[PDB]
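Engineer: Experimental structure and its sequence below.
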Amino acid sequence: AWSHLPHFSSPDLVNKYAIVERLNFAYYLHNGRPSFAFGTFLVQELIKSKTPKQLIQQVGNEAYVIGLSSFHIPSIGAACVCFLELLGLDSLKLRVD
Amino acid sequence: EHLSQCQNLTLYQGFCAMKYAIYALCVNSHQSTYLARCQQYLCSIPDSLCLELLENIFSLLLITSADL
């Protein structure tokens, strides 16, 4: 029963489908915005990282996935290296790949 | 009577446009003449009735299994 005149944002339906998203670091990395990539990542997440070790490991896994995704392209690889270095981890797995 | 049926006619027209719209919508899920069939019938319908039908079409455009 849609009593209220609904639209592209019916309040009950809007709750039924409220699915928001933030500009995840993939935006900068995939573009290739290194220093801004790390900095915005920290701005959003470093404080938000209630589990700094766990969150750091997860971000590293994401970084490795992203890097592996783009073997041929040069720019993506360079961005991957820089983001790994700014992360604080090893810089040989991605380079070896 | 006829004046009463005239109101019923727009409803009958609304009834006429009722079946065609869903039939186009019906097959379009599990997967066009039905769509125009309503739309053509919709070209020559009343004011409030046809506005309500258009709202229903918008809903059909903004519906899901729960809304189903």
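Structural biologist: Happy to help now that I have it. Numbering: from 1, shown residues only, chains lettered A, B, ... in the order given.
Engineer: which parts of chain B sit against chain A?
Structural biologist: Within chain B, the positions near chain A by CB under 8 Å from any CB of the partner chain are B:55, B:58-59, B:62, B:64, B:66-67. Every C-beta, even on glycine, is put in place using the N, C-alpha and C of the backbone.
Engineer: Centre of the chain to the helix or strand harbouring residue A:76, how far?
Structural biologist: Here residue A:76, judged by DSSP states H and E, is contained in helix A:74-87. Centroid separation for helix A:74-87 versus its chain: 14 Å, with CA atoms, centre = their mean, to the nearest Å.
Engineer: Then stretch A:90-97?
Structural biologist: 20 Å.
Engineer: quick one: buried residues of it?
Structural biologist: Residues of stretch A:90-97 classed as buried by neighbour count (16 or more other CB atoms under 10 Å in any protein chain shown): residue A:94.
Engineer: Kindly check the end-to-end length of it for me.
Structural biologist: Its start and end residues considered, stretch A:90-97 measures 13 Å (CA to CA, to the nearest Å).
Engineer: Can you tell me what sits against that stretch?
Structural biologist: The contact list for stretch A:90-97 (CB atoms under 8 Å, 6 or more residues apart in numbering or on different chains) reads A:63-64, A:67-68, A:71, A:77, A:80-81, A:84-85.
Engineer: ok, of the residues you listed, which come out buried?
Structural biologist: Buried residues within the contacts of stretch A:90-97, counting neighbours by 16+ other CB under 10 Å: A:63-64, A:67, A:77, A:80, A:84.
Engineer: Report the contact partners of the residue nearest to the spatial centre of chain A.
Structural biologist: Nearest residue to the geometric centre of chain A (CA atoms, centre = their mean): residue A:25, 3.2 Å. Contacts for residue A:25 (CB under 8 Å, 6+ apart) come out as A:37, A:40-41, A:44-45, A:59, A:62.
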